[PDB]
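The structure under discussion appears below in the form of structure tokens.
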Amino acid sequence: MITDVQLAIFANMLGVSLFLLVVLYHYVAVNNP
Amino acid sequence: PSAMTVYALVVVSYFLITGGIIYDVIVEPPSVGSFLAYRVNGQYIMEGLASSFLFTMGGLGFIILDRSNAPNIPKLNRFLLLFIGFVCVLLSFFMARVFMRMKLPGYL
Amino acid sequence: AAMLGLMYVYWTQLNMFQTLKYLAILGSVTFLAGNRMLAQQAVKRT
Amino acid sequence: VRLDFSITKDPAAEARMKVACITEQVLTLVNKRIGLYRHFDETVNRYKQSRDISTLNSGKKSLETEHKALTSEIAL
Amino acid sequence: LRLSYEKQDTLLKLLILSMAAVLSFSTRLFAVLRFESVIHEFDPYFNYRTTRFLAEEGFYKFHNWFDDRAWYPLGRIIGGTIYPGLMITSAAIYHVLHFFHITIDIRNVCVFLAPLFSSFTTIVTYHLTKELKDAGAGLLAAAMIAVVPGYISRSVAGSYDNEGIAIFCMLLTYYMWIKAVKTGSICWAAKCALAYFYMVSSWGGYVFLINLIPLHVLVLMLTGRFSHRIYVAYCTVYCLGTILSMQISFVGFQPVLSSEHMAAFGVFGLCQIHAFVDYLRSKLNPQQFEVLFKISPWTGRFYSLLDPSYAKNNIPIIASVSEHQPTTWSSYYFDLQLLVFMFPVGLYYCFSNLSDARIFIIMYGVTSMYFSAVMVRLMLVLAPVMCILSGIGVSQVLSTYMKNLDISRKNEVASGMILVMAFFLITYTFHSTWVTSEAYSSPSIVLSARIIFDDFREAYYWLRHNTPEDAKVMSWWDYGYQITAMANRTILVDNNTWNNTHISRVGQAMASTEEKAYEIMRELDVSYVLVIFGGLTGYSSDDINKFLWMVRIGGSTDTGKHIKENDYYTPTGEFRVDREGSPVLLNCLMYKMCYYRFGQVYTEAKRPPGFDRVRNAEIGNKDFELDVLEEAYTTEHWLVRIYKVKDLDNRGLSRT
Amino acid sequence: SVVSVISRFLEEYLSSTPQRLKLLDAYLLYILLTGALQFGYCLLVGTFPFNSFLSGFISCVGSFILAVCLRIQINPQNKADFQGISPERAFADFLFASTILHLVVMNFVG
Ligand SMILES: CCCCCCCCCCCCCC(=O)O[C@H](COC(=O)CCCCCCCCCC)COP(=O)(O)OCC[N+](C)(C)C
Ligand SMILES: CCCCCCCCCCCCCC(=O)O[C@H](COC(=O)CCCCCCCCCC)COP(=O)(O)OCC[N+](C)(C)C
Ligand SMILES: CCCCCCCCCCCCCC(=O)O[C@H](COC(=O)CCCCCCCCCC)COP(=O)(O)OCC[N+](C)(C)C
Ligand SMILES: CCCCCCCCCCCCCC(=O)O[C@H](COC(=O)CCCCCCCCCC)COP(=O)(O)OCC[N+](C)(C)C
Ligand SMILES: C[C@H]1CC[C@]2(OC1)O[C@H]1[C@H](O)[C@@H]3[C@H]4CC[C@@H]5C[C@H](O[C@H]6O[C@@H](CO)[C@H](O)[C@@H](O)[C@@H]6O)[C@@H](O)C[C@@]5(C)[C@@H]4CC[C@@]3(C)[C@@H]1[C@H]2C
Ligand SMILES: C[C@H]1CC[C@]2(OC1)O[C@H]1[C@H](O)[C@@H]3[C@H]4CC[C@@H]5C[C@H](O[C@H]6O[C@@H](CO)[C@H](O)[C@@H](O)[C@@H]6O)[C@@H](O)C[C@@]5(C)[C@@H]4CC[C@@]3(C)[C@@H]1[C@H]2C
Ligand SMILES: [Mg+2]
């Protein structure tokens with residue numbers, strides 16, 4: 001199937017990318033026309 | 001109370017509550033042992049007082065810094081204010097992480 | 001009126017699934033007619 | 001996205017909509033006109049222009065400006 | 001290419017929410033990835049069996065259903081003894097998945113229902129927090145509630161418990177109530193009423209919910225912000241919620257008669273009086289106005305939450321469970337790593353800009369925090385509030401410092417603060433992943449040792465295939481649903497604990513000598529007895545560490561006056577299983593059981609033969625004979641032992 | 001001793017109220033009177049069919065509350081407390097909530 005050490009790495013990468021994207025969104029929202 | 005006294009009461013309540021007061025009352029622990037070596041859910045009175053202090057001080061550092069941003073403030077005093085806030089927050093975070101590591105080995 | 005009469009009929013014979021289905025249909029129809037009528041009423045009021 | 005189902009229609013909120021539609025149209029037209037002018041000036045005036053393709057581009061730009069003026073008068 | 005501000009904003013929101021939902025569903029399934037997918041912790045086996053019934057018999061047969069396979073001497077009516085929301089949800093999803101041929105067994109739907117609802121919870125939290133303030137806080141709160149460890153602990157793939165869906169129901173009801181307070185419309189209040197009805201049917205915490213809306217309304221009254229919107233919303237919610245909650249069968253007349261639903265009635269009457277007085281204060285001049293100027297008590301599982309001393313000091317069956325003690329700060333930090341450091345900032349933002357919906361979120365936070373401090377099991381309802389507030393907190397800081405930047409339209413302090421905050425968020429993600437992986441995902445049916453020994457399942461399968469169709473087995477209340485779901489035989493006690501006299505009877509049978517206990521077993525018509533031993537495997541949670549609780553529960557009700565729990569200790573007050581043990585403990589029926597032929601089995605290297613791993617001792621009675629019991633079966637590692645109760649002596653002899 | 005104020009207030013109420021609001025108040029008085037007679041009967045004979053008493057009674061209380069809420073939303077003196085709840089939308093919400101309540105009351109009575 002899928003070994004754990006793969007699922008954990010996937011979850012870590014996805015979460016870090018998610019939070020960084022959310023932080024970016026805050027920048028984009030502050031600078032509105 | 002003007003919505004500030006109530007906030008002070010809530011902060012005091014939060015600190016005390018996160019100190020495991022109900023735990024102490026219901027299950028009486030001795031003041032200082034001999035951090036439980038292997039028991040995650042284990043509360044001595046001193047360790048809990050110290051930790052809840054860390055949590056409350058971190059919140060205080062956030063609000064203390066967040067306030068610093070206000071305009072028309074003298075720079076000599078604002079620099080000191082900013083310093084205090086950064087110190088409090090970083091110390092609270094790193095300390096709490098270290099404490100949890102020491103109490104629960106194998107962390108991460 | 002048909003919806004309220006159905007509500008009465010449900011009490012004597014129909015169970016809840018059948019009554020709920022019938023109510024779904026009749027309520028959709030009444031909603032369409034009521035939307036049209038209330039739009040007309042709002043125009044006439046102003 | 002085709003069903004309104006609204007009873008009391010607010011024309012004040014519809015005026016903003018019929019302004020947003022127009023300003024999008026005008027922004028598209030103006031950006032396209034600037035791009036067309038720059039592209040014509042860069043592809044027809046390298047070393048020889050003969051004032052024929054440049055004249056056609058000027059006529060097209062005048063027609064585009066006239067259409068934009070009509071749209072601006074309509075939105076005004 | 002270039003895009004509009006609205007297009008890029010919408011794309012960003014959509015992408016963030018999609019990633020958050022996918023992560024929420026992905027993080028939940030660690031146990032399914034490891035061990036084979038099976039319902040675990042033996043609490044949800046009852047829910048699982050119930051769901052299967054609803055999926056293969058219908059609803060009308062399920063609404064009025066009498067179960068004769070549990071609490072054999074008495075009768076158990078499953079159709080009206082439990083809140084039916086989870087089973088209905090699972091059966092509806094199953095029938096929808098079967099209409100379009102996507103045929104999936106009931107077990108797979110039950111296993112993966114909790115991750116799906118945990119994925120829905122993220123979107124609901126985003127909308128709830130968007131109502132509070134700027135959407136950025138909503139995205140942040142959604143992302144943070146995705147990975148929170150408490151919520152992921154109480155809802156894992158393979159855990160079919162009602163709390164999972166319950167939390168989503170509660171958040172939906174809170175969103176509807178906030179929208180009704182802000183909008184002040186009857187339609188939103190009716191939506192809130194329907195959502196509250198769904199919540200009543202799904203979880204037993206509806207009482208909780210119906211004591212936070214009225215308290216908030218009362219808090220709003222004291223402040224003086226009361227308006228017609230709050231009146232309309234609360235009254236409309238109250239009538240419909242009261243009625244809709246009535247017709248849940250298990251509830252009955254609980255809301256109008258009981259004492260947990262009296263705060264709502266009081267606030268309703270006070271609201272009517274206040275509105276009428278305010279209306280009368282306008283039509284008359286000030287001088288004229290100044291001239292004019294049988295019920296049940298607390299049930300007990302709710303009372304102990306208010307007074308955390310009653311259940312531990314008086315009732316020996318509620319405090320017997322493990323997760324009923326107060327929570328410590330270490331547990332608070334373990335569940336929430338960075339959420340705790342942001343609760344005060346969220347409370348400060350709320351207290352700084354007081355609105356008509358902020359007061360409600362503050363009240364929710366405070367009361368829920370207290371309840372989490374008075375019980376471990378109620379940490380759950382604390383995770384959802386925290387995220388919201390924490391989200392707000394973090395969001396605000398970002399929005400405060402991403403405007404000072406020069407690139408946005410000393411200054412570098414803001415950049416340093418942004419970097420610091422990003423570090424906090426990523427370390428919270430890593431902490432949540434580790435806590436989910438290494439602590440919370442675990443099976444209770446299989447003992448993880450990589451070698452696994454599933455003695456429980458093997459014993460249940462033997463009991464299923466090699467006993468008569470009417471054999472009755474008696475065990476402790478813990479292993480009640482598990483036997484019926486797997487062993488599939490008539491049981492005597494169960495994990496409901498709705499008749500303490502029956503459980504006390506079984507405790508007396510397990511804690512007395514062979515003569516009296518044989519009399520009890522003959523009276524109850526029991527055939528096989530299943531006792532977990534775990535002496536060879538080293539299992540801490542065996543059926544010998546619960547013996548003390550058996551004695552306490554059994555020697556309480558009007559017939560165990562001869563049990564006398566202080567008779568099983570040593571003279572100095574110890575509880576040893578060796579020779580120095582009490583001469584009544586070493587002759588107890590429980591001791592004759594689970595120690596038969598255990599005197600001559602080596603279990604260590606440098607240790608004497610009759611050794612017990614869990615107690616680290618030396619059996620007091622090495623050899624004894626069972627007069628009234630035959631050994632029917634014993635698993636490979638001596639973890640589960642099944643004994644067949646004997647008959648009367650043919651020639652009518654004594655057979656003590 | 002407290003009759004003059006009542007006379008004044010009753011006189012005033014009529015002048016500052018339109019036709020629709022007076023009509024609605026008549027309907028509301030009817031609801032209140034039916035509920036009071038029902039509750040009095042219950043206090044007179046007792047409650048063997050308790051669920052039927054609850055159903056029939058909370059039907060009255062719910063209709064009373066929906067009438068009061070409709071009255072509040074319609075009255076233009078509160079036009080500043082809703083901002084989007086037009087009279088027609090108010091009547092629509094009234095009908096929706098009333099249908100739900102009547103359905104549940106029927107599903108609860110014997
Ligand atoms: C066992 C568990 C028990 C749970 C207890 C729940 C505790 C609730 C926590 C407190 C809730 C805070 C509510 C709140 O924010 O009210 C504040 C401050 O004003 C006040 O609130 C003063 C009234 C104090 C009542 C607080 C709740 C008491 C409810 C008991 C029924 C409003 O201040 P005000 O000054 O009243 O209004 C604002 C006016 N300004 C000009 C100042 C802006
Ligand atoms: C997708 C998941 C949605 C979950 C919704 C949760 C619903 C909880 C159900 C609780 C069950 C309560 C039992 C009950 O309602 O009684 C049943 C009536 O039986 C029924 O009709 C059950 C249908 C319930 C649907 C009602 C709307 C729920 C909407 C919630 C969002 C009686 O059915 P009947 O036998 O028809 O009784 C009628 C007989 N008379 C003569 C009196 C008319
Ligand atoms: C269980 C079945 C119950 C049957 C209910 C019977 C309904 C009676 C019909 C009365 C007429 C309703 C009028 C109506 O539809 O209003 C609808 C919003 O609609 C409502 O406010 C309530 C109508 C609820 C009816 C639901 C049936 C929908 C079926 C459609 C297939 C829209 O209101 P608006 O005020 O126009 O909302 C627009 C707001 N903007 C700011 C965007 C402009
Ligand atoms: C809203 C209305 C629609 C509702 C839709 C409900 C969606 C339900 C999602 C659950 C899907 C179930 C998938 C599944 O059952 O996988 C499990 C275990 O195998 C796995 O490894 C699966 C783990 C991760 C797969 C998750 C995919 C789910 C995607 C859903 C969007 C299989 O368990 P087993 O019983 O072991 O199957 C093996 C049997 N064989 C003989 C075939 C070998
Ligand atoms: C089985 C699944 C089904 C889907 C779901 O999980 C379980 O259960 C859904 C709920 O039903 C939620 C919705 C409630 C209604 C709410 C209305 C708002 O509409 C506003 O629209 C403005 C512009 O016109 C107006 O001005 C405002 O007045 C008006 O409130 C909308 O923004 C959010 C929305 C749709 C909720 C979103 C999350 C949903 C879909 C939840 C999912 C997670
Ligand atoms: C949303 C709504 C929900 C419902 C409600 O408001 C909010 O909340 C309900 C309360 O629970 C009230 C009941 C309390 C118990 C009380 C017992 C009496 O018992 C009498 O029995 C006689 C026999 O002879 C003797 O003569 C009498 O002396 C003896 O008092 C009974 O009559 C009235 C009853 C049932 C109350 C009625 C009003 C109720 C239902 C209230 C509603 C208004
Ligand atoms: Mg439970």
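By order of appearance in the structure tokens: chains A, B, ..., then residues from 1 within every chain, and ligands from 1 in the order shown.
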
With only C-alpha atoms and all ligand atoms counted and 10 Å as the cut-off, give the residues of chain E in contact with ligand 3, each with its shortest interatomic distance in Å and the pair that gives it, as a Markdown table.
| residue | atom | partner | partner_atom_place_in_ligand_line | distance |
| --- | --- | --- | --- | --- |
| E:185 | CA | ligand 3 | 21 (O) | 9.5 |
| E:186 | CA | ligand 3 | 21 (O) | 9.0 |
| E:187 | CA | ligand 3 | 21 (O) | 6.4 |
| E:188 | CA | ligand 3 | 21 (O) | 9.2 |

Output N, CA, C and O atoms for every residue in the selection just made, as a PDB file, in the first residue's frame.
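Saved file result37.pdb follows:
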ATOM      1  N   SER E 185     -33.223  37.814  11.526  1.00  0.00           N
ATOM      2  CA  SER E 185     -34.259  37.367  10.611  1.00  0.00           C
ATOM      3  C   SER E 185     -34.838  36.045  11.088  1.00  0.00           C
ATOM      4  O   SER E 185     -34.146  35.232  11.706  1.00  0.00           O
ATOM      5  N   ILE E 186     -36.121  35.836  10.787  1.00  0.00           N
ATOM      6  CA  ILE E 186     -36.794  34.608  11.197  1.00  0.00           C
ATOM      7  C   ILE E 186     -36.278  33.419  10.399  1.00  0.00           C
ATOM      8  O   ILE E 186     -36.200  32.300  10.916  1.00  0.00           O
ATOM      9  N   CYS E 187     -35.932  33.634   9.130  1.00  0.00           N
ATOM     10  CA  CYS E 187     -35.461  32.534   8.293  1.00  0.00           C
ATOM     11  C   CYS E 187     -34.189  31.917   8.860  1.00  0.00           C
ATOM     12  O   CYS E 187     -34.077  30.690   8.978  1.00  0.00           O
ATOM     13  N   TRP E 188     -33.217  32.756   9.221  1.00  0.00           N
ATOM     14  CA  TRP E 188     -31.981  32.242   9.799  1.00  0.00           C
ATOM     15  C   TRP E 188     -32.238  31.571  11.140  1.00  0.00           C
ATOM     16  O   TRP E 188     -31.593  30.573  11.475  1.00  0.00           O
TER      17      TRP E 188
END

Mind checking which residues fall within 12 Å of residue 30 (chain C), counting only C-alpha atoms, ignoring those fewer than 5 positions away in the same chain, and posting them as a VMD selection string? (chain C and resid 1 to 4 23 to 25 35 to 38) or (chain F and resid 92 95 to 96 99)

Report as a count of residues only all protein, DNA and RNA residues lying within 12 Å of residue 13 (chain B), evaluated on only C-alpha atoms, omitting residues in the same chain fewer than 4 positions from it. 18

Mind checking which residues fall within 12 Å of residue 33 (chain A), counting only C-alpha atoms, ignoring those fewer than 5 positions away in the same chain, and posting them as a ChimeraX atom specification? /A:28 /E:4-6,408-409

Could the residues of chain E that have an atom at most 6 Å from ligand 5 be listed as a Markdown table, each with its closest atom pair and the distance in Å to one decimal, counting only C-alpha atoms and all ligand atoms and ordered by chain and ascending residue number?
| residue | atom | partner | partner_atom_place_in_ligand_line | distance |
| --- | --- | --- | --- | --- |
| E:120 | CA | ligand 5 | 43 (C) | 4.5 |
| E:123 | CA | ligand 5 | 43 (C) | 5.1 |
| E:124 | CA | ligand 5 | 43 (C) | 5.2 |

Residues within 8 Å of ligand 1, counting only C-alpha atoms and all ligand atoms: report them as a short mmCIF file (atom, residue, chain, number, x, y, z; two decimals) with N, CA, C and O atoms, in the first residue's frame.
data_model
loop_
_atom_site.label_atom_id
_atom_site.label_comp_id
_atom_site.auth_asym_id
_atom_site.auth_seq_id
_atom_site.Cartn_x
_atom_site.Cartn_y
_atom_site.Cartn_z
N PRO B 1 -17.07 48.09 34.77
CA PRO B 1 -15.82 47.39 34.44
C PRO B 1 -15.19 47.89 33.14
O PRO B 1 -13.98 47.80 32.98
N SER B 2 -16.02 48.40 32.23
CA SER B 2 -15.57 49.06 31.00
C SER B 2 -14.74 48.13 30.12
O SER B 2 -13.81 48.58 29.45
N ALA B 3 -15.05 46.84 30.13
CA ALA B 3 -14.51 45.84 29.21
C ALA B 3 -13.00 45.68 29.31
O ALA B 3 -12.40 44.97 28.49
N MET B 4 -12.35 46.32 30.28
CA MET B 4 -10.94 46.10 30.56
C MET B 4 -10.72 45.33 31.85
O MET B 4 -9.86 44.46 31.90
N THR B 5 -11.49 45.65 32.89
CA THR B 5 -11.43 44.89 34.13
C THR B 5 -11.82 43.43 33.89
O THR B 5 -11.20 42.52 34.44
N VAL B 6 -12.85 43.21 33.07
CA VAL B 6 -13.27 41.84 32.76
C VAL B 6 -12.14 41.09 32.07
O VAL B 6 -11.91 39.90 32.34
N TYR B 7 -11.42 41.76 31.18
CA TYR B 7 -10.31 41.11 30.49
C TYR B 7 -9.19 40.75 31.47
O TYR B 7 -8.58 39.68 31.35
N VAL B 10 -10.25 37.69 33.22
CA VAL B 10 -10.16 36.52 32.35
C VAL B 10 -8.71 36.07 32.22
O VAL B 10 -8.43 34.87 32.18
N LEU E 215 -27.52 31.90 28.13
CA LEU E 215 -26.54 32.62 28.94
C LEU E 215 -25.98 33.82 28.18
O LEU E 215 -25.78 34.90 28.76
N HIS E 216 -25.72 33.64 26.89
CA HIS E 216 -25.25 34.75 26.07
C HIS E 216 -26.29 35.86 25.99
O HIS E 216 -25.97 37.04 26.11
N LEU E 218 -28.63 36.49 28.13
CA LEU E 218 -28.67 37.11 29.49
C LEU E 218 -27.47 38.05 29.64
O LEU E 218 -27.66 39.16 30.17
N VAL E 219 -26.29 37.62 29.17
CA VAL E 219 -25.06 38.46 29.25
C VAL E 219 -25.27 39.73 28.43
O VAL E 219 -24.90 40.82 28.90
N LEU E 220 -25.89 39.58 27.25
CA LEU E 220 -26.16 40.74 26.35
C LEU E 220 -27.12 41.70 27.06
O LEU E 220 -26.89 42.92 26.99
N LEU E 222 -27.57 42.25 30.39
CA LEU E 222 -26.81 43.01 31.38
C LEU E 222 -26.02 44.14 30.74
O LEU E 222 -25.94 45.24 31.31
N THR E 223 -25.43 43.90 29.57
CA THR E 223 -24.62 44.94 28.94
C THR E 223 -25.47 46.10 28.42
O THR E 223 -24.98 47.23 28.34
N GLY E 224 -26.72 45.85 28.07
CA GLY E 224 -27.59 46.88 27.54
C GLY E 224 -27.63 46.98 26.04
O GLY E 224 -28.17 47.96 25.51
N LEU E 306 -20.11 20.31 37.19
CA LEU E 306 -20.16 21.56 37.95
C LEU E 306 -19.42 21.43 39.27
O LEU E 306 -18.68 22.32 39.67
N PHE E 351 -12.38 41.65 23.04
CA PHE E 351 -12.69 42.65 24.06
C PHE E 351 -12.38 44.07 23.62
O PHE E 351 -12.84 45.01 24.27
N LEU E 354 -15.99 45.38 20.75
CA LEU E 354 -17.15 44.61 21.17
C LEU E 354 -18.27 44.76 20.15
O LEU E 354 -18.67 45.88 19.81
N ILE E 359 -19.46 38.95 21.84
CA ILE E 359 -19.78 38.55 23.21
C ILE E 359 -20.06 37.06 23.28
O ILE E 359 -19.65 36.37 24.23
N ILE E 362 -16.79 35.06 23.07
CA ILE E 362 -16.06 35.17 24.32
C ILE E 362 -16.65 34.24 25.37
O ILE E 362 -15.94 33.53 26.08
N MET E 363 -17.98 34.26 25.49
CA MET E 363 -18.66 33.40 26.46
C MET E 363 -18.38 31.93 26.19
O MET E 363 -18.08 31.16 27.11
N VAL E 366 -14.78 31.05 27.29
CA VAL E 366 -14.58 30.99 28.74
C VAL E 366 -15.19 29.73 29.34
O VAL E 366 -14.50 28.95 30.02
N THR E 367 -16.49 29.53 29.11
CA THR E 367 -17.17 28.39 29.72
C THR E 367 -16.55 27.07 29.26
O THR E 367 -16.32 26.16 30.07
N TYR E 370 -13.33 26.37 31.08
CA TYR E 370 -13.56 25.84 32.42
C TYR E 370 -13.88 24.34 32.36
O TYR E 370 -13.30 23.54 33.10
N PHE E 371 -14.79 23.96 31.47
CA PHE E 371 -15.18 22.55 31.40
C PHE E 371 -14.00 21.68 30.99
O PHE E 371 -13.87 20.54 31.47
#

Spatial neighbours of residue 65 (chain F), max dist 8 Å, only C-alpha atoms, sep filter under 4 positions, as a PyMOL selection string: (chain E and resi 235-236) or (chain F and resi 61+69)

Put those residues in a file: N, CA, C and O atoms, as a PDB file, in the first residue's frame.
ATOM      1  N   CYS E 235     -36.128  33.983  20.511  1.00  0.00           N
ATOM      2  CA  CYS E 235     -37.450  33.405  20.734  1.00  0.00           C
ATOM      3  C   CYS E 235     -37.798  32.382  19.656  1.00  0.00           C
ATOM      4  O   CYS E 235     -38.317  31.289  19.959  1.00  0.00           O
ATOM      5  N   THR E 236     -37.517  32.716  18.390  1.00  0.00           N
ATOM      6  CA  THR E 236     -37.788  31.779  17.308  1.00  0.00           C
ATOM      7  C   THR E 236     -36.969  30.508  17.465  1.00  0.00           C
ATOM      8  O   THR E 236     -37.473  29.406  17.228  1.00  0.00           O
TER       9      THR E 236
ATOM     10  N   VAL F  61     -48.278  28.791  21.616  1.00  0.00           N
ATOM     11  CA  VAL F  61     -47.167  29.673  21.977  1.00  0.00           C
ATOM     12  C   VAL F  61     -46.329  30.016  20.748  1.00  0.00           C
ATOM     13  O   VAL F  61     -45.908  31.168  20.566  1.00  0.00           O
ATOM     14  N   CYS F  69     -43.174  38.438  16.108  1.00  0.00           N
ATOM     15  CA  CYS F  69     -41.988  38.732  15.308  1.00  0.00           C
ATOM     16  C   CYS F  69     -42.363  39.360  13.971  1.00  0.00           C
ATOM     17  O   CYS F  69     -41.702  40.303  13.512  1.00  0.00           O
TER      18      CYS F  69
END

Would you mind listing the residues within 7 Å of ligand 2, counting only C-alpha atoms and all ligand atoms, as a ChimeraX atom specification? /C:10-17 /E:60,63,84-85,88-89,92,194-195,197-198,201,247-249 /F:106-110

Can you tell me which residues surround region 7-18 of chain D at a distance of at most 7 Å, considering only C-alpha atoms, apart from same-chain residues fewer than 2 positions away, and format the answer as a list in words?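 After dropping sequence-adjacent residues, the list is residues 35, 38, 39 and 42 of chain C; 5, 20, 21 and 22 of chain D.
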
Would you save the residues of that selection, restricted to N, CA, C and O atoms, as a short mmCIF file (atom, residue, chain, number, x, y, z; two decimals), in the first residue's frame?
data_model
loop_
_atom_site.label_atom_id
_atom_site.label_comp_id
_atom_site.auth_asym_id
_atom_site.auth_seq_id
_atom_site.Cartn_x
_atom_site.Cartn_y
_atom_site.Cartn_z
N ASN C 35 -43.25 33.78 -4.67
CA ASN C 35 -42.22 34.69 -5.14
C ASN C 35 -42.78 35.63 -6.19
O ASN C 35 -42.60 36.86 -6.11
N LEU C 38 -45.30 38.10 -4.48
CA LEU C 38 -44.68 39.09 -3.61
C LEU C 38 -43.90 40.12 -4.40
O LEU C 38 -43.85 41.29 -4.02
N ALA C 39 -43.29 39.72 -5.52
CA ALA C 39 -42.68 40.71 -6.40
C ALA C 39 -43.73 41.69 -6.92
O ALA C 39 -43.52 42.91 -6.90
N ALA C 42 -44.72 44.05 -4.11
CA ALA C 42 -43.71 45.06 -3.80
C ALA C 42 -43.70 46.15 -4.85
O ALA C 42 -43.50 47.33 -4.53
N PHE D 5 -34.86 35.02 -8.14
CA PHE D 5 -35.76 34.74 -7.02
C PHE D 5 -35.83 35.90 -6.03
O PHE D 5 -36.14 35.70 -4.86
N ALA D 20 -19.40 48.28 -13.26
CA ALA D 20 -18.29 47.34 -13.30
C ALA D 20 -18.16 46.70 -14.68
O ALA D 20 -17.05 46.57 -15.22
N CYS D 21 -19.29 46.29 -15.27
CA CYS D 21 -19.25 45.73 -16.62
C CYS D 21 -18.58 46.69 -17.60
O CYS D 21 -17.70 46.31 -18.38
N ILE D 22 -18.98 47.96 -17.54
CA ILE D 22 -18.48 48.95 -18.49
C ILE D 22 -16.99 49.19 -18.28
O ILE D 22 -16.22 49.24 -19.25
#

If we count only C-alpha atoms and set the cut-off at 10 Å, which residues sit around region 43-57 of chain F, ignoring sequence neighbours fewer than 3 positions away in its own chain? Please answer as a ChimeraX atom specification. /E:243,246-247,252-253,256 /F:34-40,60-62,102,104-110

Mind writing the picked residues with C-alpha atoms as a tab-separated table (two decimals), in the first residue's frame?
chain	number	residue	atom	x	y	z
E	243	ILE	CA	-40.32	21.13	20.18
E	246	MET	CA	-38.81	16.77	22.22
E	247	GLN	CA	-39.41	14.28	19.40
E	252	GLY	CA	-39.03	12.43	25.90
E	253	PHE	CA	-40.11	15.28	28.21
E	256	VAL	CA	-39.71	21.05	29.89
F	34	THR	CA	-57.13	30.01	23.02
F	35	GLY	CA	-53.87	29.19	24.79
F	36	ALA	CA	-55.22	30.45	28.11
F	37	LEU	CA	-58.42	28.39	27.85
F	38	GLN	CA	-56.39	25.29	26.95
F	39	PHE	CA	-54.00	25.76	29.88
F	40	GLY	CA	-56.93	26.33	32.23
F	60	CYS	CA	-50.38	28.27	20.49
F	61	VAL	CA	-47.17	29.67	21.98
F	62	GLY	CA	-45.30	29.29	18.68
F	102	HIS	CA	-47.20	23.09	12.36
F	104	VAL	CA	-43.55	19.27	14.05
F	105	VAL	CA	-46.69	19.88	16.21
F	106	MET	CA	-48.65	17.34	14.07
F	107	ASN	CA	-45.70	14.87	14.29
F	108	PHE	CA	-45.78	15.23	18.10
F	109	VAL	CA	-49.50	15.04	18.95
F	110	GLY	CA	-51.22	11.69	19.29

Can you tell me which residues sit at most 7 Å away from ligand 4, counting only C-alpha atoms and all ligand atoms, written as a list in words?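 Residues satisfying the distance criterion: residues 1 of chain A; 29, 32, 33, 36, 37, 93, 96, 97, 108, 109, 112 and 113 of chain E.
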